[PDB]
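>>> Sequence isn't available, so here's the structure alone:
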Ligand SMILES: [Ca+2]
């Protein structure tokens, strides 16, 4: 997260870190055994780290739970990043508590200008890299489809939205992928991609979770 | 680029 702020430990209790011996993506806990992340975060060897704040220190409240299923959307296209959503089933249910909590899925899509909280342990620099220890947060609005499509012509599918700040300086960034964009208490986005981070006129692009709620539910229900 | 570590 570039231009964000330290969330505060466990203030984003649905935020998970996907760890493969290092944090590589975020995710969002959507029930005690399932995490939503980005399809492009798929890999083997995912350990979901819940309850994290400082991802480099065991502070307490962590739950590390291996992914037992990592379900990339069947129609994920790694070139276009359409359907950039993955469900991770935890090998065992997380113990939910105030610091490890699911986030609700949308019941409907969010509107342009809705303010959302985007969080993650991604790079905090728009140039170069600095990976934070603690979870960073960014309040960011959903942009209009027209602005999103203007920023990324031909690249924004119906399963994407832009959020953030065209003036630059505030965005999700590498390492935030897969993590949440929560708006009005609903997981409306998954950090997916963007041109750089926090670059002028290049807002973050996010998987539009509301398009996947049924798929999520159906996939969870069948797994 | 995707926002994973590493970006893709
Ligand atoms: Ca920790």
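Perfect, I can see it now. Numbers count the residues shown, from 1 in each chain, chains lettered A, B, ... in the order given.
>>> contacts, neighbours, all on C-alpha from now
OK.
>>> Report how many residues lie close to the nearest residue to residue A:200 once chain neighbours are set aside.
Leaving aside its sequence neighbours, residue A:200 sits nearest to residue A:168 (C-alpha to C-alpha, 6 or more residues apart in numbering or on different chains; 4.0 Å). Residue A:168: 17 surrounding residues under other C-alpha atoms under 10 Å in any protein chain shown.
>>> How is residue A:168 assigned, secondary-structure-wise?
coil (DSSP: H, G, I helix; E, B strand; the rest coil).
>>> One more: residue A:212?
Of the three states, residue A:212 takes helix under three-state DSSP.
>>> Distance of it relative to residue A:220?
For residue A:212, the distance to residue A:220 equals 12 Å [C-alpha to C-alpha, to the nearest Å].
>>> and if you look at residue A:14?
17 Å.
>>> quick one: stretch A:52-72 near chain B?
No. Judged by C-alpha under 8 Å from any C-alpha of the partner chain, stretch A:52-72 makes no contact with chain B; its nearest approach is 14.3 Å.
>>> pretty sure residue A:140 is touching residue A:117, no?
Yes. The criterion here is C-alpha atoms under 8 Å, and residue A:140 meets it with residue A:117 at 6.2 Å.
>>> So residue A:14 and residue A:220 - more neighbours on which side?
Set residue A:14 next to residue A:220 and count neighbours by other C-alpha under 10 Å: residue A:14 wins out with 30 against 17.
>>> For the more buried one, give me its contacts.
Contacts for residue A:14 (C-alpha atoms under 8 Å, 6 or more residues apart in numbering or on different chains) come out as A:27-30, A:50-51, A:99-103.
>>> closest to residue A:173 among those?
Proximity of these to residue A:173, judged by C-alpha to C-alpha, is greatest for residue A:27, which lies at 13.9 Å.
>>> That closest one: neighbouring residues, count only.
Using other C-alpha under 10 Å: residue A:27 sits among 33 other residues.
>>> what's the answer for residue A:9, then?
Per other C-alpha under 10 Å, the neighbour tally for residue A:9 reads 17.
>>> dump the residue contacts of it.
Here residue A:9 is in contact with A:52-54, A:134-135 (criterion: C-alpha under 8 Å, 6+ apart).
>>> Next, residue A:145: phi, psi?
Dihedral pair for residue A:145: phi -60, psi -40, per degrees, to the nearest 10.
>>> Quickly note the distance from it to residue A:157.
Residue A:145 is 10 Å from residue A:157, by C-alpha to C-alpha.
>>> now check the helix or strand hosting residue A:191, is it near chain B?
Here residue A:191 sits within strand A:186-193, counting by DSSP states H and E. Yes. Strand A:186-193 is in contact with chain B by C-alpha under 8 Å from any C-alpha, via A:191-193.
>>> Fine by me, we can end here.
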